[PDB]
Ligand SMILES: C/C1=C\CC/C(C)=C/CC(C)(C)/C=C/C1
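Encoded as structure tokens, the following chain is the form deposited without this ligand, with no partner shown.
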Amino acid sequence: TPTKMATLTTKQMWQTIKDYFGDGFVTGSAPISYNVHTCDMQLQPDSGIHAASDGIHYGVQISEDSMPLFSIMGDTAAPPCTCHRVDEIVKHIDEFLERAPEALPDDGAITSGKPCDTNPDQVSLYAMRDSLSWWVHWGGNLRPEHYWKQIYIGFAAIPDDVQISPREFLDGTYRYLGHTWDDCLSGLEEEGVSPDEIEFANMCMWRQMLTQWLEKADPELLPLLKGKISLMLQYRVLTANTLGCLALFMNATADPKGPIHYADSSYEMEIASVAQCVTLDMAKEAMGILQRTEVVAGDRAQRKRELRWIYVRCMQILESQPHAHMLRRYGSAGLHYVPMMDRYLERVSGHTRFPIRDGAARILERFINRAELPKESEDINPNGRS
């Protein structure tokens, strides 16, 4: 076997995740399609009669018919289905990756939109704060046995704020708070995550890094998805990687009496990952007010009715799924983590950064591999090693 070790091109990485995920419910949709078609979800009437063990008792339960009571909400309406056009998106990405150079001038730049972000390791530190905050609102704790699962969350958070070349992520050039990606994979192995589960979360991260980079590097991609709400939602869940994060969270939280097999649990996991992404839009509306009142109508209002339509049906499906005791809370967690997390309060307060207070810095310290930090980042989290 001639040892060939040239770093995969972005096109070859795209092809790798195609071969792994395969098509979703539309042919030619690999790798950017889920197996579940949310446009086909139905809402069952609630008889109000529930056993003590019913899944409706988990998470946050907001009936569809009650949503007009809340001014930031309203009623629901079925979205139009543009999902069959996903093959045209994949074809376009195939074209773009054939000609794309192996590196870009803007690779590694800050894209958080906040003018005070100038050091990528500082941005990574704020992402670790955010990552642990999500973990806790999902239901997890800060016990040390889940260290590398929480590092994974940080890897999932940072490509939103930093343009990360998928090749530098792959080959070890990019480091999150001093950790290479392979350091994270090796850590998950140490934490006992099964090889099959690691590869699933690994491929989900490959797909996130690729789709995050594509929307920054290919100016045509987002305008292609815009307005096609069913396709845009699918793409947003991929760039958020709520599915990969969920896989490792279930591993950390599961009753010790088996492994998380996508084959068996793909449906509940995809449904729960879609629900949490929709809660972001539902909850962000209150933020500006919590600091800005406006009448929203027309197509803007229609998009919100469609997102609420998807959310309530996702949540009802989770009631009867085997892991409702974990997934209902994951699905609705944004209804309480958005109003509490610095990440979102910072945006409303003039796009500044909240200082990392002493208590938070001490929590974050152990997630930093200082030995592998650049010289210019030697001084990050100064109040943390106290």
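Residue positions are given as counts along the sequence shown, with the first one as 1.
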Deposited residues absent from the coordinates between residue 257 and residue 258, none, 1 to 3, 4 to 9, or 10 or more?
1 to 3
In terms of residues present in the deposited sequence but not modelled, what lies between residue 291 and residue 292: none, 1 to 3, 4 to 9, or 10 or more?
1 to 3
Read off the CA B-factors in the entry, average them over 45-53 and over 343-351, and name the higher stretch.
343-351
Given the B-factors recorded for C-alpha atoms, which segment has the greater mean, 313-321 or 29-37?
29-37
Of the residues 172, 113, 139, 154, the one whose Cα carries the largest B-factor in the deposited record is 113
Whose CA atom has the top B-factor in the entry, of 74, 159, 298, 80?
298
State the tercile, meaning the lowest, middle or highest third, of residue 265 with respect to the CA B-factors recorded for its chain.
highest
Assert third(CA B-factor, residue 245) within chain per record equals lowest
Quick check for you: using the entry's CA B-factors within this chain, is residue 369 in the lowest, middle or highest third?
highest
Sorting by Cα B-factor within the chain, modelled residues only, which third would residue 215 end up in: lowest, middle or highest?
middle
What third of the chain does residue 16 rank in for C-alpha temperature factor, lowest, middle or highest?
lowest
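Form solved in complex with this ligand: not shown, discussed below.
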Residue 132: touches this ligand in the bound PDB entry, heavy atom cutoff 4.5 angstroms:
no
Indicate whether residue 76 is a 4.5 Å heavy atom neighbour of this ligand in the bound PDB entry.
no
4.5 Å heavy atom contact, residue 325 to this ligand in the bound PDB entry
no
Non-hydrogen atom contact residue 239 with this ligand in the bound PDB entry at 4.5 angstroms:
yes
Candidate stretches 151-159, 111-119, 190-198, 164-172 - the one whose heavy atoms come within 4.5 Å of this ligand in the bound PDB entry:
151-159
In the bound PDB entry, the residue from 234, 124, 276, 211 with a non-hydrogen atom within 4.5 Å of this ligand is 276
Using a 4.5 Å heavy atom cut-off, which residue among 315, 245, 86, 269 comes into contact with this ligand in the bound PDB entry?
245
Checked 341-368 against this ligand in the bound PDB entry; residues with a heavy atom within 4.5 Å, sequence order, are 343, 344
